[PDB]
Amino acid sequence: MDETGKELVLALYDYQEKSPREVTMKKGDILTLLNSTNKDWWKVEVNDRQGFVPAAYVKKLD
């Protein structure tokens, strides 16, 4: 989907997630933003596994 929502961010906190709509990230990793519309949760795609990434637990370093 994406929807004119291109961007990159860095894992600020090691998140393991649990739900299918979540995105597991490791403190110090890069992910591909998809939505970026919901501050609370920024939909992203990682390892053929897109879902929702925590903004607060991230850092735009790209």
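The structure we're discussing is the one just above.
This write-up is about the structure you can find in this document. (Residues numbered from 1 in each chain as written, not as in the entry; some residues may be left out. Heavy atoms only, no water.)

It is worth spelling out the sheet that holds strand β7 (residues 58-59) at this point. The strand order across the open sheet formed by five strands is β5-β4-β2-β1-β7, and the pairing between neighbours is antiparallel. The open sheet has two edge strands with one neighbour each: β5 (49-50) and β7. Taken together, the two bridges between strand β2 (residues 30-33) and strand β4 (residues 44-46) define a ladder with antiparallel strand orientation. Residue pairing across strands places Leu33 opposite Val44, the latter belonging to β4. (Pairing = 2+ DSSP bridges. Helix = DSSP H or I, 4+ residues; strand = E, 2+ residues; numbered from the N terminus.)

Looking now at a nonpolar patch on the surface. Taken together, the side chains of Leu12, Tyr13 and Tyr57 present a nonpolar region at the surface, about 270 Å² in accessible area. With respect to the helices and strands, the residue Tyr13 is situated in the loop between β1 (8-11) and β2. (Patch = residues over 30% accessible without salt bridge, like charges linked within 9 Å, V, L, I, M, F, W, Y side chains within 5 Å. Areas by Shrake-Rupley, 256 points an atom, 1.4 Å probe, with all protein chains shown as cover. Salt bridge = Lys/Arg side-chain N within 4 Å of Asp/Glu carboxyl O.)

Nothing here speaks to function; it is geometry throughout.
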